[PDB]
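Below is structure28.cif, which holds mmCIF, C-alpha atoms.
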data_query
loop_
_atom_site.label_atom_id
_atom_site.label_comp_id
_atom_site.auth_asym_id
_atom_site.auth_seq_id
_atom_site.Cartn_x
_atom_site.Cartn_y
_atom_site.Cartn_z
CA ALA A 50 37.60 -46.92 18.18
CA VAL A 51 36.96 -50.69 18.04
CA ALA A 52 34.01 -51.05 20.42
CA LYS A 53 30.69 -51.35 18.62
CA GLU A 54 27.90 -49.17 19.94
CA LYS A 55 24.39 -50.09 21.09
CA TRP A 56 21.36 -47.86 20.46
CA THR A 57 18.08 -48.79 22.15
CA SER A 58 14.65 -48.23 20.63
CA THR A 59 11.36 -48.35 22.53
CA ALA A 60 7.73 -48.71 21.50
CA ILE A 61 4.75 -48.97 23.84
CA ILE A 62 1.88 -51.24 22.81
CA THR A 63 -1.58 -51.78 24.28
CA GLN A 64 -4.60 -54.10 23.66
CA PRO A 65 -6.56 -53.04 20.55
CA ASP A 66 -9.49 -50.65 20.52
CA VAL A 67 -13.07 -51.83 20.93
CA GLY A 68 -13.92 -50.60 17.43
CA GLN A 69 -10.90 -52.14 15.73
CA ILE A 70 -11.88 -55.72 16.59
CA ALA A 71 -15.63 -55.14 16.12
CA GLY A 72 -15.50 -57.19 12.93
CA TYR A 73 -13.77 -60.01 14.77
CA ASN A 74 -16.06 -59.67 17.80
CA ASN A 75 -19.16 -59.97 15.60
CA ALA A 76 -17.66 -63.17 14.19
CA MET A 77 -17.53 -64.61 17.71
CA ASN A 78 -21.10 -63.51 18.53
CA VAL A 79 -22.56 -65.32 15.50
CA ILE A 80 -20.80 -68.68 15.88
CA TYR A 81 -21.27 -68.83 19.67
CA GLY A 82 -24.45 -66.88 20.44
CA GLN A 83 -24.92 -66.38 24.17
CA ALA A 84 -21.72 -68.12 25.33
CA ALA A 85 -19.52 -65.66 23.44
CA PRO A 86 -16.80 -63.87 25.43
CA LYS A 87 -17.21 -60.20 26.24
CA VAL A 88 -15.41 -57.55 24.20
CA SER A 89 -13.36 -56.63 27.29
CA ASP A 90 -12.27 -60.29 27.39
CA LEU A 91 -11.54 -60.53 23.67
CA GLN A 92 -8.92 -57.81 24.17
CA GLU A 93 -6.94 -59.63 26.86
CA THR A 94 -6.73 -62.65 24.54
CA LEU A 95 -5.54 -60.76 21.45
CA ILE A 96 -2.82 -59.10 23.54
CA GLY A 97 -2.18 -62.44 25.24
CA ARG A 98 -1.60 -63.99 21.82
CA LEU B 148 2.22 -27.69 31.13
CA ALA B 149 -1.21 -26.46 30.02
CA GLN B 150 -0.05 -26.99 26.43
CA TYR B 151 1.15 -30.55 27.09
CA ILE B 152 -2.15 -31.42 28.78
CA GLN B 153 -4.08 -30.21 25.72
CA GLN B 154 -1.63 -32.03 23.43
CA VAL B 155 -2.41 -35.45 24.91
CA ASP B 156 -6.10 -34.52 25.13
CA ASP B 157 -6.24 -33.77 21.40
CA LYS B 158 -4.55 -37.12 20.69
CA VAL B 159 -7.02 -39.16 22.76
CA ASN B 160 -10.05 -37.24 21.44
CA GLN B 161 -8.99 -37.88 17.84
CA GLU B 162 -8.22 -41.55 18.56
CA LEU B 163 -11.83 -42.02 19.74
CA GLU B 164 -13.86 -40.13 17.13
CA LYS B 165 -11.85 -42.11 14.58
CA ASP B 166 -12.57 -45.27 16.57
CA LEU B 167 -16.32 -44.62 16.86
CA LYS B 168 -16.62 -43.99 13.12
CA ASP B 169 -15.06 -47.41 12.44
CA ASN B 170 -17.49 -48.95 14.93
CA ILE B 171 -20.69 -47.30 13.69
CA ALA B 172 -20.00 -47.77 9.96
CA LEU B 173 -19.20 -51.42 10.71
CA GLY B 174 -22.05 -51.77 13.21
CA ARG B 175 -24.62 -50.84 10.57
CA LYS B 176 -23.11 -53.46 8.25
CA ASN B 177 -23.70 -56.33 10.68
CA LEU B 178 -27.29 -55.07 11.00
CA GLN B 179 -28.04 -54.55 7.30
CA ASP B 180 -26.84 -58.13 6.89
CA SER B 181 -28.93 -59.33 9.85
CA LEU B 182 -32.05 -57.89 8.18
CA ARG B 183 -31.29 -59.86 5.00
CA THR B 184 -30.81 -63.27 6.62
CA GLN B 185 -33.83 -62.59 8.85
CA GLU B 186 -35.96 -61.84 5.77
CA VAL B 187 -35.11 -65.05 3.91
CA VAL B 188 -36.20 -66.95 7.04
CA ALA B 189 -39.42 -64.92 6.93
CA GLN B 190 -40.02 -66.16 3.37
CA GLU B 191 -39.29 -69.78 4.23
CA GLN B 192 -42.21 -69.41 6.63
CA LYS B 193 -44.29 -67.75 3.91
CA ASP B 194 -43.49 -70.51 1.41
CA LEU B 195 -44.67 -73.02 4.02
#

Show me the file's structure as structure tokens.
Amino acid sequence: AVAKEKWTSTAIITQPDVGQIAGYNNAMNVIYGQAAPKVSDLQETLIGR
Amino acid sequence: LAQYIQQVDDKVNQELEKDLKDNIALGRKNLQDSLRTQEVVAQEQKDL
């Protein structure tokens, strides 16, 4: 009757879709040209950040 | 079980037709722009 209780929530997140960051990926293909990172490498950075 | 397989399959299939429509309608915007900046270059050559 004095002990406070503890409820646990849970969400599961994942690296964004290839079409969600297609505006941001086109920004990195214009300013960098041929040395731009791949879109499968721009997803491990945005979930690394 | 055959309902819960089709339940996840109708969640993935609707999270990809929604994803492709946000990639095509944005992919034809970075091409309608890239035909406008490639046409002003083609008039800097014409003005020369």

Chain A residues near chain B (8 Å cut-off, all atoms listed in the file) as a JSON list (two decimals) with C-alpha atoms, in the frame of the given file:
[["chain", "number", "residue", "atom", "x", "y", "z"],
["A", 66, "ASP", "CA", -9.49, -50.65, 20.52],
["A", 67, "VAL", "CA", -13.07, -51.83, 20.93],
["A", 68, "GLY", "CA", -13.92, -50.60, 17.43],
["A", 69, "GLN", "CA", -10.90, -52.14, 15.73],
["A", 71, "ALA", "CA", -15.63, -55.14, 16.12],
["A", 72, "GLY", "CA", -15.50, -57.19, 12.93],
["A", 75, "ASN", "CA", -19.16, -59.97, 15.60]]

Selection dump of the PyMOL selection byres ((chain A and resi 96) around 12), as a ChimeraX atom specification: /A:62-66,70,89-95,97-98

Atom CA of residue 60 of chain A to atom CA of residue 74 of chain A: how many Å, to one decimal?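 The value is 26.5 Å.
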
Enter the distance from atom CA of residue 82 of chain A to atom CA of residue 181 of chain B, in Å, rounded to one decimal.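 For atom CA of residue 82 of chain A relative to atom CA of residue 181 of chain B, the distance reads 13.8 Å.
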
Calculate how many Å separate atom CA of residue 193 of chain B from atom CA of residue 80 of chain A, rounding to one decimal. 26.4 Å

Can I get a file of segment 52-97 of chain A from the given structure, N, CA and C atoms kept, as a compact mmCIF listing (two decimals), in the first residue's frame?
# COMPACT_ATOMS: atom_id res chain seq x y z
N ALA A 52 4.25 0.93 -1.64
CA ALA A 52 5.20 0.71 -2.72
C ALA A 52 4.64 1.23 -4.03
N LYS A 53 5.40 2.10 -4.68
CA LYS A 53 5.00 2.61 -5.98
C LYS A 53 5.27 1.58 -7.06
N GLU A 54 4.39 1.54 -8.05
CA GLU A 54 4.44 0.51 -9.08
C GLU A 54 5.18 1.01 -10.32
N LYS A 55 5.51 0.07 -11.20
CA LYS A 55 6.41 0.34 -12.32
C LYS A 55 5.89 -0.38 -13.56
N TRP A 56 5.29 0.38 -14.47
CA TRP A 56 4.76 -0.16 -15.72
C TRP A 56 5.74 0.13 -16.85
N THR A 57 6.00 -0.88 -17.68
CA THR A 57 7.01 -0.80 -18.72
C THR A 57 6.36 -0.74 -20.09
N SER A 58 6.69 0.30 -20.86
CA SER A 58 6.29 0.40 -22.25
C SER A 58 7.41 -0.11 -23.15
N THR A 59 7.06 -0.31 -24.42
CA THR A 59 8.01 -0.86 -25.39
C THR A 59 7.59 -0.42 -26.78
N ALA A 60 8.50 0.20 -27.51
CA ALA A 60 8.33 0.47 -28.93
C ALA A 60 9.53 -0.10 -29.67
N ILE A 61 9.31 -0.51 -30.91
CA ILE A 61 10.35 -1.11 -31.73
C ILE A 61 10.56 -0.21 -32.94
N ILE A 62 11.78 0.29 -33.11
CA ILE A 62 12.10 1.22 -34.18
C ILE A 62 13.08 0.56 -35.14
N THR A 63 13.13 1.10 -36.35
CA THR A 63 13.94 0.56 -37.43
C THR A 63 14.31 1.75 -38.31
N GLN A 64 15.47 1.66 -39.00
CA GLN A 64 15.97 2.59 -40.01
C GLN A 64 14.88 2.98 -41.00
N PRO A 65 14.85 4.24 -41.45
CA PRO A 65 13.70 4.72 -42.23
C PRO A 65 13.65 4.09 -43.62
N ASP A 66 12.47 4.21 -44.23
CA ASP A 66 12.24 3.63 -45.55
C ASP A 66 13.06 4.35 -46.61
N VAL A 67 13.21 3.67 -47.75
CA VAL A 67 14.03 4.21 -48.83
C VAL A 67 13.32 5.38 -49.50
N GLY A 68 11.98 5.39 -49.47
CA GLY A 68 11.21 6.49 -50.01
C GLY A 68 10.90 7.61 -49.05
N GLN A 69 11.19 7.44 -47.76
CA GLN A 69 11.00 8.53 -46.82
C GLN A 69 12.15 9.52 -46.86
N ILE A 70 13.37 9.03 -47.08
CA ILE A 70 14.55 9.88 -47.11
C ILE A 70 14.98 10.18 -48.54
N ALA A 71 14.09 9.98 -49.52
CA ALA A 71 14.44 10.22 -50.91
C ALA A 71 14.59 11.71 -51.23
N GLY A 72 14.04 12.58 -50.40
CA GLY A 72 14.30 14.00 -50.52
C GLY A 72 15.67 14.33 -49.97
N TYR A 73 16.02 13.69 -48.85
CA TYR A 73 17.33 13.91 -48.25
C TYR A 73 18.43 13.22 -49.04
N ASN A 74 18.13 12.08 -49.67
CA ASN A 74 19.13 11.39 -50.47
C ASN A 74 19.43 12.15 -51.75
N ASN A 75 18.43 12.80 -52.34
CA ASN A 75 18.66 13.60 -53.53
C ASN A 75 19.45 14.87 -53.20
N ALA A 76 19.38 15.33 -51.95
CA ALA A 76 20.22 16.44 -51.52
C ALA A 76 21.68 16.03 -51.47
N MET A 77 21.96 14.79 -51.09
CA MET A 77 23.34 14.32 -51.02
C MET A 77 23.88 13.83 -52.36
N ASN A 78 23.03 13.62 -53.36
CA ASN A 78 23.51 13.29 -54.70
C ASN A 78 23.80 14.52 -55.54
N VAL A 79 23.25 15.68 -55.18
CA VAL A 79 23.52 16.91 -55.91
C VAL A 79 24.81 17.57 -55.43
N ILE A 80 25.00 17.65 -54.11
CA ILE A 80 26.16 18.34 -53.56
C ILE A 80 27.43 17.50 -53.61
N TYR A 81 27.33 16.20 -53.87
CA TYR A 81 28.49 15.33 -53.87
C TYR A 81 28.71 14.58 -55.17
N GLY A 82 27.70 14.44 -56.02
CA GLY A 82 27.87 13.83 -57.32
C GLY A 82 28.10 12.34 -57.29
N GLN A 83 29.31 11.92 -57.65
CA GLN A 83 29.64 10.50 -57.75
C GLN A 83 30.17 9.91 -56.45
N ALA A 84 30.66 10.74 -55.53
CA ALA A 84 31.16 10.28 -54.25
C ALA A 84 30.09 10.28 -53.17
N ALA A 85 28.82 10.35 -53.55
CA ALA A 85 27.73 10.31 -52.60
C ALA A 85 27.59 8.91 -52.01
N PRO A 86 27.18 8.79 -50.75
CA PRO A 86 26.94 7.47 -50.18
C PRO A 86 25.67 6.84 -50.74
N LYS A 87 25.64 5.51 -50.72
CA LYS A 87 24.48 4.78 -51.22
C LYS A 87 23.30 4.95 -50.27
N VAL A 88 22.10 4.68 -50.79
CA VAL A 88 20.90 4.86 -50.00
C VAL A 88 20.76 3.77 -48.94
N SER A 89 21.45 2.65 -49.09
CA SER A 89 21.53 1.64 -48.04
C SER A 89 22.62 1.97 -47.02
N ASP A 90 23.41 3.01 -47.27
CA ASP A 90 24.38 3.51 -46.30
C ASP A 90 23.93 4.82 -45.67
N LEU A 91 22.97 5.50 -46.29
CA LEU A 91 22.36 6.68 -45.67
C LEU A 91 21.30 6.29 -44.65
N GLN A 92 20.94 5.01 -44.57
CA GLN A 92 20.00 4.55 -43.57
C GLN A 92 20.69 4.08 -42.30
N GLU A 93 21.91 3.56 -42.40
CA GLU A 93 22.65 3.19 -41.20
C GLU A 93 23.24 4.40 -40.49
N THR A 94 23.32 5.54 -41.16
CA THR A 94 23.76 6.77 -40.53
C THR A 94 22.62 7.46 -39.79
N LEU A 95 21.44 7.53 -40.42
CA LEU A 95 20.30 8.19 -39.80
C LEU A 95 19.73 7.40 -38.63
N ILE A 96 19.98 6.09 -38.57
CA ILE A 96 19.67 5.34 -37.36
C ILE A 96 20.88 5.26 -36.44
N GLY A 97 22.08 5.58 -36.94
CA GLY A 97 23.22 5.74 -36.07
C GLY A 97 23.22 7.08 -35.36
